[PDB]
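With positions in the sequence shown counted from 1, the corresponding number in PDB author numbering is that position plus 26. So the structure is just underneath, and the comments pick up after that.
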Amino acid sequence: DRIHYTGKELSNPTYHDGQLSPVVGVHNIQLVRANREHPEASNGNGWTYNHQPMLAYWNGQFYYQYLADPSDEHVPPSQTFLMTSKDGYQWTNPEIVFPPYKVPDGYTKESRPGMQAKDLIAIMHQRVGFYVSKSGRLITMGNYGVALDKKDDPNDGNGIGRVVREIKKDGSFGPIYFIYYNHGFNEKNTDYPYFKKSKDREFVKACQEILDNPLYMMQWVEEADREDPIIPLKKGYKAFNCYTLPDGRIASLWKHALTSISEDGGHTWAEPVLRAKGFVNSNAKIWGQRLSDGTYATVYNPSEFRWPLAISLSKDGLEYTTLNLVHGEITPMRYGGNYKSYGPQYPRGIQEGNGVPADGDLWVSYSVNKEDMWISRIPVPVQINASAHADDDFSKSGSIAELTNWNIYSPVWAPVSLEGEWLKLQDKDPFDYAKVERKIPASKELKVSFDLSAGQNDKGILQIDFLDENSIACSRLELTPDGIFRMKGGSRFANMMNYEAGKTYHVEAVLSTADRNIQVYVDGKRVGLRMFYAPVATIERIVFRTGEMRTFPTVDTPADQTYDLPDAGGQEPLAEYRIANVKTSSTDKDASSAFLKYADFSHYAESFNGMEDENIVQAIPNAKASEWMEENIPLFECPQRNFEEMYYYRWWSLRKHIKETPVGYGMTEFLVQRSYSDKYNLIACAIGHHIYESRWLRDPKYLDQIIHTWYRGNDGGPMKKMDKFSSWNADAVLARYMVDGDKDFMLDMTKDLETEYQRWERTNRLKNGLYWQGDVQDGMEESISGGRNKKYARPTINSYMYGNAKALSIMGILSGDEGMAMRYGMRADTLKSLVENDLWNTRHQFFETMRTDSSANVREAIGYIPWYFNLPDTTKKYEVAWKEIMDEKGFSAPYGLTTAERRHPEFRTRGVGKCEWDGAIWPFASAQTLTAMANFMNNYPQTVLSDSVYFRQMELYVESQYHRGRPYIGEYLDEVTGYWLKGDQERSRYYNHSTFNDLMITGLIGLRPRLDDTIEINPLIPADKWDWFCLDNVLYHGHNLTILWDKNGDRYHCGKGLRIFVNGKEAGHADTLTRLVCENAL
Ligand SMILES: [Ca+2]
Ligand SMILES: [Ca+2]
Ligand code: NA
């Protein structure tokens, strides 16, 4: 329908930057600095009215066109300049491309009776400057109008006409021709020939293409004859620009952000043409374009004043949702003049078809004060926030174009440059300064360090500011022209030290928003302490500026400037400053998170604390839970409320189970006191789940102690009641190691795990080698396959021992113990063979319990446990077991996965309310099944299960975890009705007998933990399920990981697709949700 802005960000005209934070890495580069007193080829020979830039990119070079008069708008003479650049930073001198033109003596207008042209030069005015033809030729164009006096309008449709000339590869120009005559002008009374007279056929064709292109005729309407047939839309909407939407329609913009749409390539336009809703814009043009990443951007003055120059982003070219700074400085206007107004203005970029700059970035031309010509480079994809702290070595960059993480403001007479290890700021400009800004992650506690050298100590100024997102500086450091390094404390200053020229000082600044103070160190010694002179919530920028900010102009400054500033073309004596080795860091609890912040998720803990009573308090009360979460949890978001809420709930729930004991932390299963528990209410049944879930907690002390408590907490030895439940704990301890990388913890636990393994091996094997367990001792009383006081070979304990054996073999190799590797690897091969040969039921095609004589002939959830440890072979015959996931007669039920196949005649025949494992949904089991299903989907060539199937079962697990309208994790539930089968009984509340977030992290998001330095992800989310999601703040192998997905690029503004970050630096990328492997990125 129409271009519009729905962002809530407004620009405040009382500040020159609008209080807008800039996008990352914007370089503002001055191209032309007007100087009447010292005219030179490089400044257009002293002309001080310079305005209306045009931009193209052709044959590896930028072409920058602008117009100029000696001092006053519409006061002749008037001409058009051209400049070129390979890189956008270093430009050739302005070259006159269309020169002053004689208005014929005797010219008149109806609006000026009695006047005639005599010895009068025309006024130039163009809204379009460039066309690249189909044959790859570059045409530049301009137009001549007539101003009979100061007040006359050259764009009245009574002008002379429009001219063109070819720009050639070699830098030369072809001859000037007229392409359009205003009424009354023709070949016989104009001073350049008509374009059709050229003997260059291909040039003539190139010009003819301009005339046949309605998008170009739309940009001739202001100067062309009124009502001229060749103009598609005849109303004088101003400074037309357009771009192509993703569906191929064309969206237009004009001054005041008037906007329309064309469905026929620009021949006709939708009425009524109205201002783009929500856009703040006035008279100084708005530029819109498609970017190289497929998204869209507008650049404009978001204001009734011509400042700042800002950028708004859109994923689709219609809805714009952001507002940030491009250019926020205002050079003072040095030379007065007719219609010159203050600030950066008249933005204009490259038309579609007129070239794509090789760096992929967004380049926009504009003037400042209609006096100085500028360009800005904006990196694409356009990033709002910094995802990592600074740690910058400038010697690694050959030129400023490589300072992707620095915002740079570089006037011709105050340029920014590199000099080996140094970022250098120079300043000889009495009216401007050099300025660099390092945007960093918004921080409450901040350290900033850098090396600093000044080329002098008796002149110049350097201000160093620490800024929030609204340009509030909380503190300022200054190198003064009387040789003092000082800090601003309020109205007064702290003089910290005298500084000398040519000396390198190591500066460290420590800022705390909560304590509201800054401490400054030089060469390791504290030299300054002060309160912030302005309070801020967080600090996001460090700014280095070779001057004081000017308050002029304000919203109260008069519009017109008739004076020149004193010494308008003079110089200041040169001041230089150099910085190197810029580092920032934060001790904020969530500083390790690159995109997500805990403050946006703390509402979950708060809601959970308020929604119901706290029945039982262990080591971490509800009152401490949010703080604990902020320290310990990876952060997650997605667009589906229930998944996100469950993520946070299950962490909040798990945390209740951390218990203080005289031997350190323990982890409970039931919060209520159980009569069969070991010391400190410990129950061994779900330890494997406890470790798999808890391995993601960032502070290792909890899980270190929980494990040591089980194995050493009973007079230095293992808890006695570990013998009451089957164990996959050696597998779980290796799984922990694969997340945290802590070799010494794992190596030190090896003997304890061997002792555990050997006990089970001694007590629980049949003569044939298979393990037996009573179903009660798997924690699964009243199963169909069964075994209260039976010695059946269940695929529970056999797979677990397979897993423990395999894990202990691997721990042997990591120990350097090759004997142990073989001893346990042999046990693993032995058990794998026994499970495959003896527990695979060939009638059912399913792993099942082996009773004394024959199979139990019941498909149970326990039959999927072999895949929890990747036990089975890749052969096709085992696949078919997984079909029962999608069969209502198998495991598929309305609330998720049953513990026994629904077709079985003994399904749920042993009563209710007393913990029965003959069919009801048990999260303990669902978690096993889902872990196994993920392994199967990741590690096996497999055609039975899609992502939709896995996602759907995770969704049902989510939906099942509610009770009385609130998140709830209990013991077990009805597969058809969803009823949690202990009802409102206290015992079930916050049950810790399963995983959830381990499944979210390793299956759904798909982080696959490994022993090596390679990162492997493979999300099992279908294509088009979620437009975005992110898992952040993950502590994996001593590094902080982020995994994110952003289909349209607008959730995180770091590009489209699937991305992995390591400590906030991108490590890999894919266009789709699919397997992504980053080799040796750790
Ligand atoms: Ca152009
Ligand atoms: Ca200066
Ligand atoms: Na702001």
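Cβ atoms here follow ideal geometry from the backbone N, Cα and C, with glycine treated the same way.
Simplified DSSP assignment, three categories, for residue i
i, result
"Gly-1032", "coil"
"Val-123", "strand"
"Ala-887", "helix"
"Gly-554", "strand"
"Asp-626", "helix"
"residue 15", "Because the chain in this structure spans residues 27 to 1108, residue 15 falls outside the shown range and cannot be described."
"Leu-723", "coil"
"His-716", "helix"
"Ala-882", "coil"
"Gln-871", "coil"
"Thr-110", "strand"
"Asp-774", "helix"
"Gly-187", "strand"
"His-293", "coil"
"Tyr-904", "helix"
"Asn-54", "strand"
"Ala-758", "helix"
"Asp-766", "helix"
"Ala-946", "coil"
"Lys-1091", "strand"
"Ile-732", "helix"
"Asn-69", "helix"
"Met-80", "strand"
"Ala-173", "coil"
Alpha-carbon to alpha-carbon, residue j and residue i
i, j, result
"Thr-430", "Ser-111", "19 Å"
"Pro-383", "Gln-78", "21 Å"
"residue 1139", "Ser-340", "Residue numbering for the chain in the displayed model covers 27 to 1108; residue 1139 lies beyond these limits and cannot be assessed."
"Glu-447", "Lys-529", "15 Å"
"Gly-550", "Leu-478", "14 Å"
"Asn-964", "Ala-563", "44 Å"
"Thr-1068", "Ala-625", "17 Å"
"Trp-948", "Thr-1003", "14 Å"
"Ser-425", "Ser-436", "13 Å"
"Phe-420", "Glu-428", "9 Å"
"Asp-113", "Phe-771", "54 Å"
"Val-408", "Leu-971", "38 Å"
"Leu-1099", "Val-123", "51 Å"
"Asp-1038", "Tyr-763", "11 Å"
"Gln-142", "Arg-191", "30 Å"
"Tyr-998", "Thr-1021", "14 Å"
"residue 1111", "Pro-126", "Since the first and last residues shown for the chain are 27 and 1108, residue 1111 lies out of range."
"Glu-63", "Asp-590", "12 Å"
"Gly-1032", "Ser-611", "30 Å"
"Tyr-826", "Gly-945", "22 Å"
Beta-ladder partner(s) of residue i, from DSSP
i, result
"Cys-268", "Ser-278"
"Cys-1104", "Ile-1041"
"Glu-686", "According to DSSP, which records beta bridges pairwise, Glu-686 is partnered with nothing at all."
"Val-158", "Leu-164"
"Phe-977", "Per DSSP, none; premise fails for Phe-977."
"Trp-448", "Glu-445"
"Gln-377", "Answer by DSSP bridge pairing: none, since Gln-377 is not bridged."
"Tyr-89", "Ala-82, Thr-110"
Item to complete: Just list the beta strand (DSSP E) runs in the segment 383–444, keeping only unbroken ones of 3 residues or longer that don't cross its boundaries, in chain order.
Response: 388–394, 398–404, 432–436
Discussion item. Please output, in chain order, the residues near ligand 2 using a CB cut-off of less than 5 Å to any non-hydrogen atom of the ligand.
Written reply: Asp-453, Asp-455, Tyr-459, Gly-573
Item to complete: Could you name the residues whose beta carbon sits closer than 6 Å to any heavy atom belonging to ligand 3, keeping them in chain order?
Response: Output, sorted by chain position: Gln-45, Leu-46, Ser-47, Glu-495, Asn-496.
Worksheet item: What beta strand (DSSP E) runs, 3 residues minimum, are completely inside the segment 580–622?
Response: 601–611
Worksheet item: Taking the runs of the alpha helix (DSSP H) that are 4 residues or longer, which of them lie wholly in the segment 628–692?
Response: List check, alpha helix (DSSP H) in window: 628–637, 648–658, 667–681.
Item to complete: Tell me the start and end of each unbroken beta strand (DSSP E) in the segment 512–581 that is at least 3 residues and wholly inside, in chain order.
Response: 519–524, 530–538, 543–548, 551–557, 565–571
Item to complete: Could I get the ranges of all uninterrupted alpha helix (DSSP H) runs contained in the segment 788–867, with 4 residues as the minimum, in chain order?
Response: 821–840, 844–860
Fill in: beta strand (DSSP E) runs contained entirely in the segment 304–330, provided each spans 3 or more residues
For the segment 304–330, the continuous beta strand (DSSP E) assignments of 3+ residues that do not extend past its boundaries occur at 312–316, 322–326, in sequence order.
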